[PDB]
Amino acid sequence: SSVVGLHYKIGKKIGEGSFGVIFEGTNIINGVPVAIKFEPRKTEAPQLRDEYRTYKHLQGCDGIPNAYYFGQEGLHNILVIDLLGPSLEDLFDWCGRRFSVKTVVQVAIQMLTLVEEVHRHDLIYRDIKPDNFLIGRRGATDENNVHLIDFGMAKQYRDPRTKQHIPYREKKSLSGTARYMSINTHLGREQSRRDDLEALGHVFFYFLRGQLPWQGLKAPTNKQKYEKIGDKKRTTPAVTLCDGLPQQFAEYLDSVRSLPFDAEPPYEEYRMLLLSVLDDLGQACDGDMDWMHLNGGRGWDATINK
């Protein structure tokens, strides 16, 4: 049958990899598009049912897509949420693998707000990457606003009732993307709120510079590759990363790297630190992004960009 979850008709496939078979969809009652995720029934790693619950907990938060359905049709588990636009990594490639300082600042304060709101709901993301931050669709009120998806790596870091932080431990497995993960993650330490923000700091320099100095490293295995990357992170000062860039980005990374394990980060202070960049450069925070000027002003399109 073409309809899953009673009200959602399948459509074009937009993915089939690290997170299952993903399709485009359309709500058959109102026509609103949706994203349909397919995951097999008996799998080695069941991560969908907990993701549906994560969207339900974060329901109503701006930037988090609404969860509409979770089902068991056939040998597949199905999740239906809002259909969003391209990822920040997608817009990054289309803009020449470099974002302007103004775009990075405005995107950074939305990413900090998203991650904060996740932390308010007693969760840490632990998978910070530009590929998981998506903009909206065209004509929508949140077309160029940043969103956050994919919560399969999220974990509760404090009791939802007593607000007691999880204990600190080590000797944990290195899981995530080595290009952005915190230094503490490279060392197998337990992740907390500080590690989501440090990873953001890596992405900010990634957007600004077009690359990170620990990209393209070689090693016989993947374990030694993750170690060489982590070694370069502890070898490269933040001011070295911030060469020719507003030093508030290095000041941000050094601050989040110095946070204690159970400390609540000063989110609004970090947003005010990055906003001061626009004051030093005489720029306004009006919401104008680099990808909005793509294709003579049309923006991103399907045939040319991807």
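Don't overthink the numbering: it's just position in the shown sequence, from 1.
Between the stretches 215 to 223 and 145 to 153, it is 215 to 223 that shows the larger average CA temperature factor. Annotation for 104 to 112 versus 78 to 86: the higher mean temperature factor (C-alpha) is found in 78 to 86.
Across the options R97, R179, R161, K233, the residue with the most elevated CA B-factor in the record is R161.
Note on the listed residues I22, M289, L294, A284: the highest Cα temperature factor in the record is that of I22.
Among the modelled residues of the chain, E51 sits in the highest third by CA temperature factor in this PDB entry. Ranked against the other modelled residues of its chain, the C-alpha B-factor of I135 as given in the entry falls in the lowest third. Sort the modelled residues of the chain by CA B factor and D93 lands in the lowest third. The entry lists a Cα temperature factor for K129 that places it in the lowest third of the chain's modelled residues.
Per the PDB record, residue ranking by Cα B-factor puts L241 in the middle third of the chain.
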